[PDB]
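Student: Please find the sequence and an experimentally derived structure below.
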Amino acid sequence: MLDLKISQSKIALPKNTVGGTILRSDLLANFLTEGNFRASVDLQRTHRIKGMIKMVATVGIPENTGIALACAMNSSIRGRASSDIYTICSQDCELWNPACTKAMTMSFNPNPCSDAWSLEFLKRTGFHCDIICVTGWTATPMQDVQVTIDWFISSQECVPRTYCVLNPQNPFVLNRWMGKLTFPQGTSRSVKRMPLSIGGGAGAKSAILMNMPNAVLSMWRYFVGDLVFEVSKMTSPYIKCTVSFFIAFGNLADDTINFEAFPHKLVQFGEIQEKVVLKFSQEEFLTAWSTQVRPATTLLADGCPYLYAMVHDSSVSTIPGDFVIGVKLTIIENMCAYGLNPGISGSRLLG
Amino acid sequence: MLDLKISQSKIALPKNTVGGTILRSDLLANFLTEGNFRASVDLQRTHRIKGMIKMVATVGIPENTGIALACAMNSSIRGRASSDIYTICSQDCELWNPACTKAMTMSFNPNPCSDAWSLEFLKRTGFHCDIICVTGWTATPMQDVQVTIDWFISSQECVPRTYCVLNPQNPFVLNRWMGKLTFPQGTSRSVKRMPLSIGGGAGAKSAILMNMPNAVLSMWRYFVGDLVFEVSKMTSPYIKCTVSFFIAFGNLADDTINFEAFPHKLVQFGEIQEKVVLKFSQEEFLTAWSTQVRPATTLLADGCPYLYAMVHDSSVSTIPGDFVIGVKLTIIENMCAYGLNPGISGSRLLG
Amino acid sequence: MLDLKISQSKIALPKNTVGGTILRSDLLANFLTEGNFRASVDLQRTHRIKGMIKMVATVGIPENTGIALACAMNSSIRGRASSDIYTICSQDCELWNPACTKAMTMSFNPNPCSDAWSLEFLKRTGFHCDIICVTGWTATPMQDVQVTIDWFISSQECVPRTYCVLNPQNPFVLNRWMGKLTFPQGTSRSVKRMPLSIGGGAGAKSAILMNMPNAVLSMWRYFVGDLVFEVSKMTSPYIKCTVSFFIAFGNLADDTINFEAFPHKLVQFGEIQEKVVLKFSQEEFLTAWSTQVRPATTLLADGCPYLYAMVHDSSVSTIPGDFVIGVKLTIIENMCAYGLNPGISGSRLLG
Amino acid sequence: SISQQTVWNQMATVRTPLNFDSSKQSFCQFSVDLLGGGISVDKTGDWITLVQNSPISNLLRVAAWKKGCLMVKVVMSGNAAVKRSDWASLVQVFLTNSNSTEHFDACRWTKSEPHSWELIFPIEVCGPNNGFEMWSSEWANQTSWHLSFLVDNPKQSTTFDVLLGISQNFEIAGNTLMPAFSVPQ
Amino acid sequence: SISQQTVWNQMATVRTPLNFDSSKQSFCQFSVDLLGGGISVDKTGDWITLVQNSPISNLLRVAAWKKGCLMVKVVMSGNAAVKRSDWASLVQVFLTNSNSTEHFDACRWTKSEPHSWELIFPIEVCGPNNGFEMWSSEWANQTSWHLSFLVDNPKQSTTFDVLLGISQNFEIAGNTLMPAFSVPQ
């Protein structure tokens, strides 16, 4: 490690940070160029590098507070690009809560087309890095905080990740943000409904947000597959809540008593636990469904399935704050798609 | 155990205790004489005892507070002896934080010259015991606290520990307090520099504090060895901080960017974890260095190495208080010393 | 190599440089700190280095000119130390003529007492480096010249070189400069006489120059051994001359016809050849001779042998300049010394 | 074995009272507790005494159990103003394990060289523990080693320096809690 | 092993200031840096000092790393005109690794024989490198060996000669660049 260390960045995290807040957004080449460490001139005087870039971020905070940070890598950027968690998280992005995880690691290949990169390549290509706060402090710290990131050239070789549009691989890596779900403290069910007609991007105001893997799925007309979701605790470990997940249609009433007669998954997090991976297999879906539904479509007229999330018991704590979790559809296994999509204009807004 | 129990002491710990505060300082013979337990008259009517003395101290406090206690044993005492953690911890002394450790044990041989002791021997010899608070409460308890100590005659035989001044053993048991380091909450580096020219004792005001093992090392002119440090968390587990340790010279500036290009160790404590043992081998030292440097020597003119400690990321919490750790150089392995030391007058103050 | 490269120095060589001229005299640590190459931060962030320091100097000049440069390494320096070729060449020093050698290499151990060094050690110890011009240009270049030195950490381990004063090793490394001999163009014999009573240092004006290995030999009263001399061509390869070397006594006349009836060695250099190693075995010496003779001693009263050098044929060229060679007694094999030397005041001046 | 030639450690410097009054009595007395580290003096005037905080001086005061040899060197530097012909002074040195007079002397010397003299001798610590002895412990009615001086004519034999040399076999065990040692300045 | 009996090397000759003024102060002081090769004196008058360029004096000044034993001999040749009965002088000798007063003495002597005396003792060089020590290097905060003299009554104890004897085990490494050594005449 030490010898393969190339740089070190210190990101500032103000005690009053809010969420949606960009901690730092820059050219990856600039994060990789801070400080003179062992492998620094090598990084600069070497024409091809095969090891992946590895980063180690550290910062610890007490259990009676929480905050969700996301560190995202993207091949390029044009203009005043969106910094929304949805847009930035499709390539290589890790989301973490320092209250649960005091040191986070991530290795990635900056050149998905091949197996090597260059620092020049990173500069002239515009490889980008955004570090944003996805959810603010549950309880504010006494003082301002700081996250230190150590950068290394890994011994792990780079491997390509390309997408053949009309010939998806298995599994299909989607990395689509499904939304940020909040369950306010109390005995409320707070039923959440995330549509599975994920084509067309994420809704914005008279606009749409878009990322590459979501754009390739939008090319197809109908699809099915085993869906894998990654659920993250973005709030303090002091706010407890048992969430129930299941597949159902938009037209069921919030007060449907036997919602849990459907196949479901109950999620409770341990103090220090922050992630849970849910997997809904194809046995939950009778047939493929539309990749896109026109945005104006009502819950009553939607013929496509939904990922439901609701409070099983209650959201409780001794400190103020809603229980908040983030849902990300990581991969689709044994996917199956039909036909080409002409396209529908616009899409619904995520959570 | 029960049958080999000889006494029980109850030490008072006021909710407002501060640190440097002596909870109880007495003749060991007096702690061993409280209460009538199974082995009590045996302790008094037996001329030689080969089992070590074992003590078990208990007291638990919640994780949102902390306090560091030290229980130290010394062969004798003359006059109004110093009670500073440095002076009292060289023979047999255990330092603990009830927030992490709710029951502490310690076994020792009161007669380092041989393998047996007597209660009479303890009385007429002046064997001493000090229980002091090294760091006060991070957050004060609701009420006053009390620590209960159960004393036993162990089944473990006593073993001698003697020092041949001009012929050190391997390992050399030093037990020298290097200081109490405080890192205030914030994004500050708070660089700490502990000199490795540990000869001559600890500085005091127009005085020097001294303990036996440190006095024998001061007899030699130059030395090197694998240094083993024991780092203890003396504050509440709610104040989080990643500390970085490395060897370097006094003349580097606090803002040296690539401090961590040197071989270093990053330390983060888990909620309930309180101790960490660092070991710096001889590969970190080119040659032996002075056992003593004259006190007035500047950071710029010091040609001997230093143990550096600094904040890697930041010191953060939701409750007030600095992150505080205590450093103790326990043993020196494969030590190597050169020449006899005429002596230099006085020494620098520890942390 | 490339990866183990630590620095690069560029030494200026003015077209009018003269000889005795110091091109650069500095702390070795400063030459090793110029430029940021692959192993640069390693050199600075590593406490012990076992590889030797290797340097590669390059500069080429045409055959119709010449100049003798010397690059010398010494453990320390006190005050306004002498920079004379004699004083500086006893530890690790290479002498070269760019007209013959266009790239020169040298590896050395900066810490003769052991097998490792540090950059800190180099700085605080005062390890010194002098680059001097021993002989000026035979013919001046068109423009100013520059010598580039690349510095590397070698893969070759460091090995100690210590001297036990009253117990010389075999061979004994002396590295004593015997003088700079000049043979002006013409048919003259130009007889040269270098005394072998090399103890007491080199003469200066009402002073003596001294280096360590010469100082240890001066400790003994009488000595003999197989003497190894290294003869270097310090002038342009265009000035040709056949030099004849032999052992004889000071009292022979310059015109002794059968000087060459004695065992001798004839030296002629090829265009590109610059060094020749002469070796005079003990069969040339009947007994040991004085280590020191009092300076005022005449050629007629000197009972110690001499290394003679004279022109065998003639010194000839088509360009102006004397034929100049430098003689250095490198090692003494199978040496044998007798008694301790009280000392004689002062010594004769070298060539 | 760590060792170096000719490196002793200073332990004490006792300067005879400047205001000694020959008229009341002719001599004066002081005693150095070698293992305990103390100096005792007369009420004969104002003594100037000092225990150097040298490595050995520090070690001895803080070492609970001791055992082995120590080398002792006493150097008397006197009044250089007295002509040699007028020297009329002598100092008696006594080695005892205790200050009580009920104890006999282990050794005894009398030095009278003009202006200066030197006295070197070894002492050895043997105790009841395991050959280990604790300074004046009430335990086995343990003891120490005191070097006492009776200085006849304090105005000539004015100064005394005591140096200790540690032996290859000196061995200690345990720590004695002591108050801070004062550093002059 | 090269060796010969009774062959030492002269290192220094220090002559007390001829214009010393008894009235201002009674003693005077000088110090010889054994390994560094320097002599330091008082502002008490005009000292006549000299470091002989003997083989050992030359070797020590130029040897970067030293290690091993050396023999030291000090000869005091005084004022023969003073009648023995009038001798009233003494000189205190101190061995210290540094000139700073913050350093205690490795050894101490006091000589007062009339007209002349001699003092012989060994010193040993131990350093951090590999038992090797560099003269006063800032490196491991290395040091040297200084022999200091406090001469009480410089008019009687007038002259001091220092001779060094090399040991069978003295070993050195590396070269220290020095400026030319002055040869008287």
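Tutor: The structure has been received and is ready for your questions. Numbers count the residues shown, from 1 in each chain, chains lettered A, B, ... in the order given.
Student: From now on I want contacts and neighbour counts done on CA atoms only, so please keep to that.
Tutor: OK.
Student: How about the contacts made by the most centrally placed residue in chain D?
Tutor: Averaging the C-alpha coordinates of chain D gives a centre point, and the residue nearest to it by C-alpha atoms, centre = their mean is residue D:32 (3.7 Å). With contacts defined as C-alpha atoms under 8 Å, 6 or more residues apart in numbering or on different chains, the neighbours of residue D:32 are D:38, D:39, D:40, D:146, D:147, D:148.
Student: what separates the first one from residue D:107, distance-wise?
Tutor: To residue D:107, residue D:38 is 20 Å away according to C-alpha to C-alpha, to the nearest Å.
Student: neighbour count winner among these two?
Tutor: When neighbours are counted by other C-alpha atoms under 10 Å in any protein chain shown, residue D:38 and residue D:107 differ, and residue D:38 comes out ahead with 16 against 10.
Student: So what sits opposite that one in the bridge?
Tutor: Note on residue D:38: beta-bridge partners by DSSP bridges are residue D:33.
Student: Can you identify each of the helices in chain D by residue range?
Tutor: Taking DSSP state H as the criterion, chain D carries its helices at D:55-62.
Student: What strands line up against the lengthiest strand in chain D, and which way round?
Tutor: With DSSP state E setting the assignment, residue counts place strand D:63-77 as the longest strand in chain D. Strand D:63-77 sits in its sheet next to strand D:116-125 (antiparallel), strand D:133-134 (antiparallel), strand D:159-166 (antiparallel), strand D:171-177 (antiparallel), going by DSSP bridges.
Student: quick one: it to helix D:55-62, angle?
Tutor: 140 degrees (axes from the mean of the first three to the mean of the last three C-alpha atoms, to 10 degrees).
Student: List the buried residues in strand D:63-77.
Tutor: Of all the residues in strand D:63-77, those buried under the rule 16 or more other C-alpha atoms under 10 Å in any protein chain shown are D:63-70, D:72-77.
Student: Over to stretch D:11-28?
Tutor: Under 16+ other C-alpha under 10 Å, the buried positions of stretch D:11-28 are D:11, D:12, D:13, D:14, D:15, D:16, D:17, D:20, D:21, D:27, D:28.
Student: Pairing partners for the fifth one in the sheet, please.
Tutor: Same thing as residue D:15. Applying DSSP bridges, one finds that residue D:15 bridges with residue D:48, residue D:159.
Student: Isn't it up against residue D:45?
Tutor: No: judged on C-alpha atoms under 8 Å, residue D:15 makes no contact with residue D:45 at a distance of 11.1 Å.
Student: Among the buried residues of stretch D:11-28, name the ones in strands.
Tutor: Cross-referencing the buried residues of stretch D:11-28 with the strands (criterion: DSSP E) gives D:11, D:12, D:13, D:14, D:15, D:27, D:28 as the overlap.
Student: Of the residues you listed, just say which sits nearest to residue C:125.
Tutor: residue D:11 (34.2 Å; C-alpha to C-alpha).
Student: The closest one contacts residue D:160, doesn't it?
Tutor: No: under the contact definition of C-alpha under 8 Å, residue D:11 does not touch residue D:160, with a separation of 10.8 Å.
Student: Need the residues that contact stretch A:256-275.
Tutor: For stretch A:256-275, the external contacting residues (C-alpha under 8 Å, 6+ apart) are A:63, A:96-97, A:99-101, A:230-234, A:237-238, A:240-248, A:276, A:278, A:312.
Student: in stretch D:124-137, what's buried?
Tutor: By 16+ other C-alpha under 10 Å, the buried positions in stretch D:124-137 come out as D:125, D:126, D:127, D:129, D:132, D:133, D:134, D:135, D:136, D:137.
Student: Alpha carbons of it, as PDB, please.
Tutor: Extracted C-alpha coordinates of stretch D:124-137, given in PDB (Å, rounded to 0.1, in the frame of the first residue of the first chain):
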ATOM      1  CA  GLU D 124      29.100  -4.200  48.400                       C
ATOM      2  CA  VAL D 125      25.400  -4.500  49.200                       C
ATOM      3  CA  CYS D 126      24.300  -7.800  50.700                       C
ATOM      4  CA  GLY D 127      20.800  -8.200  52.000                       C
ATOM      5  CA  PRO D 128      18.400 -10.800  53.500                       C
ATOM      6  CA  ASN D 129      15.900 -10.900  50.700                       C
ATOM      7  CA  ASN D 130      17.700 -12.900  48.100                       C
ATOM      8  CA  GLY D 131      21.000 -11.200  48.800                       C
ATOM      9  CA  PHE D 132      19.000  -8.000  48.100                       C
ATOM     10  CA  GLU D 133      18.800  -5.300  50.800                       C
ATOM     11  CA  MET D 134      16.200  -2.500  51.200                       C
ATOM     12  CA  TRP D 135      17.500   0.800  52.500                       C
ATOM     13  CA  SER D 136      17.100   0.900  56.300                       C
ATOM     14  CA  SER D 137      14.000  -1.300  56.200                       C
END
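Student: starting at the chain centroid, how far to it?
Tutor: In terms of C-alpha atoms, centre = their mean, to the nearest Å, the centre of stretch D:124-137 is found 19 Å from the chain centre.
Student: And stretch D:108-118, by the same measure?
Tutor: Remark: stretch D:108-118 is offset 15 Å from the chain centroid, using C-alpha atoms, centre = their mean.
Student: residues making contact with it?
Tutor: The list of residues contacting stretch D:108-118 from outside it, by C-alpha under 8 Å, 6+ apart, reads D:73-80, D:84, D:87, D:89-95, D:156-157, E:89-90, E:109-112.
Student: which non-adjacent residue is nearest the residue of chain D found nearest chain A?
Tutor: Chain D approaches chain A most closely through residue D:2 (37.6 Å), counting by C-alpha to the nearest C-alpha. If the residues on either side of it in the chain are set aside, residue D:2 comes closest to residue B:166, at 5.0 Å by C-alpha to C-alpha, 6 or more residues apart in numbering or on different chains.
Student: Which single one of the contacts of residue D:32 is nearest to chain C?
Tutor: Minimum separation from chain C among the contacts of residue D:32 (C-alpha to the nearest C-alpha) is found for residue D:38, which lies at 42.0 Å.
Student: In contact with the residue of chain D most remote from its centre, which residues?
Tutor: Seen from the C-alpha centroid of chain D, the residue lying at the greatest distance (C-alpha atoms, centre = their mean) is residue D:85, 29.4 Å away. Residues in contact with residue D:85, defined by C-alpha under 8 Å, 6+ apart, are E:85, E:86, E:87.
Student: Residue A:110 now?
Tutor: Applying C-alpha under 8 Å, 6+ apart, one finds that residue A:110 lies in contact with A:52, A:53, A:75, A:117, A:122, A:127.
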